[PDB]
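First up is the structure itself, then whatever we jot down about it.
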Amino acid sequence: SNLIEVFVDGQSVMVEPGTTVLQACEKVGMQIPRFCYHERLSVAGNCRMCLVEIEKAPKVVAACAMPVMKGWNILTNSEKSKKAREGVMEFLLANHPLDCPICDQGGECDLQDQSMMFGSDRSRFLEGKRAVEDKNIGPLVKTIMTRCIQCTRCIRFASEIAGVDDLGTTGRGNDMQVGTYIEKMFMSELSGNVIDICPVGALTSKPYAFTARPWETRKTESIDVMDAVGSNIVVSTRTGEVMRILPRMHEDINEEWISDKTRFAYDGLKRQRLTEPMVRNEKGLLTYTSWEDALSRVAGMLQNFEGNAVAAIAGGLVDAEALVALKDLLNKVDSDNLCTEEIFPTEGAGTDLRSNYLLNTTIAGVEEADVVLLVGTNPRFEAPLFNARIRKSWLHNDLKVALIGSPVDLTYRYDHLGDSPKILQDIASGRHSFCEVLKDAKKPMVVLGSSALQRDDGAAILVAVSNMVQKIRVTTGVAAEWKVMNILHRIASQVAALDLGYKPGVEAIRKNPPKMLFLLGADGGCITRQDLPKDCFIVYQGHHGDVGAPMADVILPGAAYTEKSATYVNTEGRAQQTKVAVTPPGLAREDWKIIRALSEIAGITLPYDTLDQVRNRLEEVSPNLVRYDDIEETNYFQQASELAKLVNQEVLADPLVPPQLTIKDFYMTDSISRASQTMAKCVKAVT
Amino acid sequence: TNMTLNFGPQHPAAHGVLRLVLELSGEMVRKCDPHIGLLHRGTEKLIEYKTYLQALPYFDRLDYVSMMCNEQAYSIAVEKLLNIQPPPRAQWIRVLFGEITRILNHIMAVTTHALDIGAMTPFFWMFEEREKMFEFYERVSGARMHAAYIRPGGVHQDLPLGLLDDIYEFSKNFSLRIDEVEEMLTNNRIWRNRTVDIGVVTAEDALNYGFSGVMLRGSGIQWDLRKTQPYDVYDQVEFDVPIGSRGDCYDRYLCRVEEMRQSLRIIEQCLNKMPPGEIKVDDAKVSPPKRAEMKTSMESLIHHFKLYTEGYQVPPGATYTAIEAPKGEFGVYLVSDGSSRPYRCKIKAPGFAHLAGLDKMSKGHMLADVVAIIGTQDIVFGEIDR
Amino acid sequence: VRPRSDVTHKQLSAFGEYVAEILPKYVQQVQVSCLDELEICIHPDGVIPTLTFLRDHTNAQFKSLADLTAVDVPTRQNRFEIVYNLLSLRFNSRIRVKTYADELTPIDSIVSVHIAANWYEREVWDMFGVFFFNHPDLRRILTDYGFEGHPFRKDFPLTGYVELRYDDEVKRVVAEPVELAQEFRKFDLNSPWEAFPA
Amino acid sequence: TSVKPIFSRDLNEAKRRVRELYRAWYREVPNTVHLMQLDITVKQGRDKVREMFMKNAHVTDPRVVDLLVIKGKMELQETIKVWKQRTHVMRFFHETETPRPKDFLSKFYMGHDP
Amino acid sequence: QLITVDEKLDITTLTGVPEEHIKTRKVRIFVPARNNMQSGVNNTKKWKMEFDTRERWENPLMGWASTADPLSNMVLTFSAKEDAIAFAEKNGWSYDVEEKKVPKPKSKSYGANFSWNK
Amino acid sequence: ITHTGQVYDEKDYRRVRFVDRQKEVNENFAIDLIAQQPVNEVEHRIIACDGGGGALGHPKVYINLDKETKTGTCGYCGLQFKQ
Ligand code: SF4
Ligand code: SF4
Ligand code: FES
Ligand SMILES: [Zn+2]
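Residue numbers (the entry's author numbering), protein chains in the order written: chain G, 29 to 715; chain D, 78 to 463; chain C, 46 to 243; chain W, 18 to 131; chain Q, 51 to 168; chain R, 31 to 113.
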């Protein structure tokens, strides 16, 4: 049923009714040469470079457009469909400016290839060419738009994938130029994708203007650590320094798109970077010294100090492998004061059941939802490729989005229930209007952002939301595998840390001050040296000198996610593996080894000595860490609620506000981001 | 060990580098086990990592006495895989420089043979003629040797305006220069002795050990791949293969002097009948676009950029194409995936087979005989070692 | 367009069946390629028998061995693809007989059928590691005397693992693990767009 | 499974061949150290032979062992026949190269990738 | 007659690889993704197994990148996942296969976006 | 010193090289040479730029000197054209 049989050159493929002629060729395996057709962008038919010839038909048809009908054999390599490409390519090239040795989409051109495979050996355009006027679309995208083949994929993406709706066509004839009518910069996250989506090199990346050329770039597939969506990405490295980071497709997490932060902050990765292990000198300044000396500075203090006098404030981009090597070390001197900077409420079941702290409705479950209750977070600037998810599911499907936060730019039409944590109680009572809207929802989903939890009444906010999820679930009678409650994070090493049993919040360190603290990539201000005991002996374990370095008795440089085979996990627990794109710089070493080595100098040696062994260690403390690309299906929401019901807390009237109110808030957050000259240029452009 | 004595790598007598571990009862050779690979350099593996056009320079280096004739074999092979054939003028060129190259190889083989024998004046006489020929190469390609002129789709650039005339003056005279060598060696009362009846190879044995060259032709087997399986336009010319009888070092020599003579007959024709036309295929797909065109037409720049950066993208297949390089049958077995860079390129070297025969040729022979036989095989260690 | 002569394509095809019938036992596939060549593919056990028939048959005399080579398709279970290219001086033609050999499953040697193969078989062992039974003297030909590893295997690094320099302390040439001063830049060249097969 | 034999039908028969080669090398070590004027001790060399013959002690498959001696025998021929000049033989001893420590702490202190 | 061996073909002893690069080298079998730059999918067809990346220190005299790892530039191409896994087992290199992820079917129709309703 | 100001430094371990042997640097740096080039005034909205000499120049490109606000600069010659 619903399976027409169409022949692609007599191959009798069978396709659902409503599949385009181009799609029919794909399942046989043939590729229609195409421009202006992108899988996740609307069909436009602008280029008509895809003209094919259905058999027994007078004219050739537009592949991307004609819904294939019953028994129409497509002839993709006929004598006609080649004159329908040999003659289109004649036109695209005719008005094209031949500056291919300027166009940094040199080998990354879908227009030279198709010319070089399906087009014509020579040109007949003896007439003159046209020229358009380069304008400014911002500090990230260089629009040398005299290159544009008017394929309108930008105008689509800028409207359909991102809700900018700014880029547009202006004029008619051969001087239709697809640029902003007034010069207003294209400022939005998801902005850099235009580069990747314009097959022509008209608008390309300005930082990566002319640093390389694609054949040279060695491409290593790794994971996004800047944000907690854990978007898949490919790090393009030449002769050992990263040159670009561009998206690689993951259906569920980032489907071909990556954030503006995690593709222009590769520059931040190359400066202010720690490399040699400095130690505090008698004079009082950090002096570069060999590992042996720096490690025993730390080891000697560690042997002297007992449990609860040694603490670790990890946080930010540290991998799961270091996080278990730091816990195994501090327990071998019996302090379990290991903690993370982002406070996740842990008075009821927290960290114990693995659903209190996960977006368990999958990133791909936003597509099959019905009503989303965004509470206290700006997804646009905390998980940009999850904001897109709710963008697509509000457009192609029909999600009814509701926000209980600050009224904020969300790239879609949301319902602003209010800016008050207590109105969460209003819906639980059934008093507020939306209460029925959910009642009407067969598959609803609440999403509590981590930043709402970071306030003082965060424990109360989680409990209040869990009560509402409980009766939302009861009133809707939603099926068990549909999961209403989920919470999204904004720190890469938070789900992994909570997974390994790290207890969130520095509240424990606050009540009893540790003689020694091993900051593990922590650039947050959660504890300061004035706050620390008189000794204030703390040793920074990280990659960039930002806030923790200048207040550090020891500097043990580490690596970054471009420089180690570590593991990370995003918000719905999908563990993922970063691969080493570039060897770590200077004497700097992998985070897990520094801690295995410090343990050997200390004498409480950790068991693993190779990374497969540390992966085996992760397996004993937690399951997700070893199985990659695998979301954990079952969760135990019912017992979580019981403990939530026991917890009694007051939600203060102060409105819950996301810290990233507008996009300048977004550009600089983590260490690598802060160290970005490109991000800095972006910040001043906004200001 | 019957006084085993390495002929030694450093020996003026041993062209290039040849350790011939020989056990000699006094001055008689009992067994010759040639050692090879003193010049293995990886030419076959390196090519797999290079594109078709950037592997063309390797072929000139495989056997560089015969610089171009080797290039024609890869050319032909890559043209077959693409089912493209060079333009008419290019074909004649390749036969023009194909033959000039044969002379160059024979002047090398006959004169270097004599230097090891002990006659030194023929080498200086003909190296001056060689020199003059190199200059043709240079004024056509840019390099005296290692030109890279014959590319997979024709030659690279048309002949300079005036070369043909000079490849005439030279040809018009070279004969006398071959004649002189003759008055010095063909009938020397002494050349004959050291060469006659040394290294006789039967006809059946020559085919069996895969000799395939003058070495076969010298034994009386009639086989010139240029007449049996014509390549380029060697079909339109008329030449006589110099077959030999009583095959021995002297007879084959006479054959090499005779092909020097016959090549002048082929060169003459090529000068007399070379057509007006283009020297490279017009498919920008295979041949790079003319520089005026790539600097004024977009399709030509795109084709220039892709061709130089990525490559031909030969259709998947495999072919063994053999020409008649001056030494003998030079063949390239070029397996190719659809990629722009080859998958395998075994170079059949007329020379791997010939050396092997050294054992079956130099039996019960004196130390001096071994020196004469290495000469009558024109061993260039580049082709053998590849 | 090359000047194909169908006259050939047919005659060689006809011989391909001829051989296939004459030796049903070892011939697995016989095909005439478009270049117009012919390749009879034989089970490794048919190395001796198929060659001998071609060297000594009145209607197919294939006296000289042009070449013996071994492509290495790592994906293929039987890694190596020994290819023997043979020439008929009489009937004027060439046929290629190609077999498959894995790393530790040796092929028979044809030095008996053609002594030309004495050297090429040593060349295939040195570069690819296939072994040839009944070979008179199989030993490395092209590689260094102490070389470890078979070089033309697709799984062998181009630069290799050892390089040589003269050390004064020991006054003798000495291997050291390869340390290269500009690694081979591995340009990726394949284009993501195919060419519609004619 | 189901694999055609190369020289022996079983590890047992194969081991016979290894014994022979060991003997061969054992008897040869002294000669080489003298015909190549190598600056090594016969005893020392003979231990090296043992080293190599055991470096591959783990092999359980008969076919792999058979090739190993074929290769081993070939090496013998070369050495016995002076084809391999000292430089070639001494390489076995890895005399010039600086030994690398395998201790984790050692590697940590020196190389980015251990 | 054939003989029986249950031993996983391991031929690490014949390949001729230095001990360090057989026990410390992890190779990943993966199908290459597509540079988002181009929309062609002809480079996302065959599986490839690639050895782990190693040191690339700058050269003091000219600043060229320098590498001490021989198996770095080597990427072997295998048609199917099963065959690539076999190569790792007999050569003795450790392997961590990544499942191919192919684009999910997506429903598209020019008429659908013309819907003012939605 | 040089174009991109290469300055092996007073503390570098490479400046050792020039000892007793000079460094290769360039006078008439190009960075300033086109800046020294006069702005080619034109009448037409768009203009070509063969680089001068056709085949002996650069792939011809047409520059849009349409805004006096900006003198078009052929990406190949760095020549500014004044509408
Ligand atoms: S886009 Fe850039 S690269 Fe592709 S053709 Fe036009 S100029 Fe050459
Ligand atoms: S800019 Fe790139 S995408 Fe937007 S239209 Fe011109 S070409 Fe198509
Ligand atoms: S690809 Fe056919 S319409 Fe653009
Ligand atoms: Zn210019």
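Note that CB positions come from ideal geometry on N, CA and C, so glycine has one too.
Residues near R171 (chain D) by beta carbon distance below 6 Å, same chain, minus five either side: Contacts found: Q149, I227, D309.
Beta strand (DSSP E) segment containing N167 (chain Q), residue limits: Careful: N167 (chain Q) lies outside any beta strand (DSSP E) and carries neither H nor E.
Chain-ordered neighbours of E161 (chain G) on chain R, where CB pairs are closer than 7 Å: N94, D96, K97
Alpha-carbon spacing of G89 (chain W) relative to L38 (chain W), whole angstroms: In this structure, the CA atom of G89 (chain W) is about 7 Å from the CA atom of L38 (chain W).
Contacts that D141 (chain G) makes with chain Q (C-beta to C-beta distance below 8 Å): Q88, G90
Local conformation of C367 (chain G) per DSSP, three classes: For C367 (chain G), the three-state secondary structure derived from DSSP is strand.
Strand pairing of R62 (chain G), partner residues [DSSP]: Paired residue(s): none; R62 (chain G) is not in a bridge.
Nearest-residue set for ligand 1, Cβ under 6 Å from any heavy atom: Going by the Cβ distance cut-off, the answer is G:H124, G:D127, G:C128, G:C131, G:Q133, G:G134, G:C137, G:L139, G:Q140, G:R175, G:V228, G:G229, D:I379.
Close Cβ partners of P222 (chain C) (< 7 Å) along its chain, the five nearest in sequence each way excluded: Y206, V207
Nearest to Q74 (chain C) (by Cα), restricted to the options C:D81, C:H88, C:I155: Of C:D81, C:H88, C:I155, the smallest CA-CA separation from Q74 (chain C) is found for C:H88.
Distance cut-off 7 Å: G83 (chain R) Cβ against heavy atoms of ligand 4: no
Contacts that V215 (chain C) makes with chain W (C-beta to C-beta distance below 7 Å): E112, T113
Under 8 Å between C-beta atoms of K470 (chain G) and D398 (chain G): yes
Contact test: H88 (chain R) Cβ vs ligand 4 heavy atom, cutoff 7 Å: yes
Where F110 (chain W) falls: helix, strand or coil (DSSP): helix
N-terminal and C-terminal residue of the alpha helix (DSSP H) that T272 (chain D) is part of: From DSSP, the alpha helix (DSSP H) with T272 (chain D) extends over 268-272.
Neighbour flag for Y206 (chain C) against chain Q, beta carbons, 8 Å: Residue contact check for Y206 (chain C) against chain Q: a CB pair falls below 8 Å.
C347 (chain D): first and last residue of the uninterrupted alpha helix (DSSP H) it sits in: 326-349
Short-range partners of chain W found in the region 120-153 of chain C, where Cβ spacing is below 9 Å: From the region 120-153 of chain C, only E148, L149, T150, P151 have a Cβ closer than 9 Å to chain W.
Alpha-carbon spacing of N425 (chain G) relative to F185 (chain G), whole angstroms: 17 Å
Spatial distance of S157 (chain C) from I124 (chain D) (CA atoms): Distance between the alpha carbons of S157 (chain C) and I124 (chain D): 32 Å.
CA-to-CA distance, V307 (chain G) to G573 (chain G), given in whole angstroms: 14 Å
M473 (chain G): CB within 7 Å of a non-hydrogen atom of ligand 2: In this structure, ligand 2 has no non-hydrogen atom nearer than 7 Å to the beta-carbon of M473 (chain G).
Contact test: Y106 (chain R) Cβ vs ligand 4 heavy atom, cutoff 7 Å: yes
Given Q36 (chain R) as reference, the closest of R:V49, R:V91, R:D50, R:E54 once Cα atoms are compared: R:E54
Three-state secondary structure (DSSP) of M99 (chain Q): strand
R643 (chain G) in three-state terms, based on DSSP: helix
Three CB pairs or more closer than 8 Å across the region 339-354 of chain G and the region 517-524 of chain G: yes
Within chain W, the residues that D117 (chain C) reaches when beta carbons sit closer than 8 Å: Within chain W, no residue comes near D117 (chain C); the closest Cβ sits about 17 Å away, beyond 8 Å.
Residues of the region 103-121 of chain Q whose Cβ lies closer than 9 Å to any Cβ of chain C, in chain order: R106, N109, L111, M112, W114, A115, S116, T117, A118, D119, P120, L121
Buried versus exposed call for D328 (chain D) [16 or more other C-beta atoms within 10 Å across all chains shown]: buried
Buried or exposed by the 16-neighbour rule on C-beta atoms within 10 Å, applied to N282 (chain G): buried
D224 (chain G): contacting residues in chain Q (beta-carbon distance under 8 Å): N86, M87
Ordered list of alpha helix (DSSP H) runs contained in the region 53-118 of chain C, each at least 4 residues: 92-100
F70 (chain W) vs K621 (chain G) beta-carbon contact at 8 Å: no
Chain-ordered residues of the region 215-230 of chain C with a beta carbon less than 8 Å from chain W: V215, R217, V218, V219, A220, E221, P222
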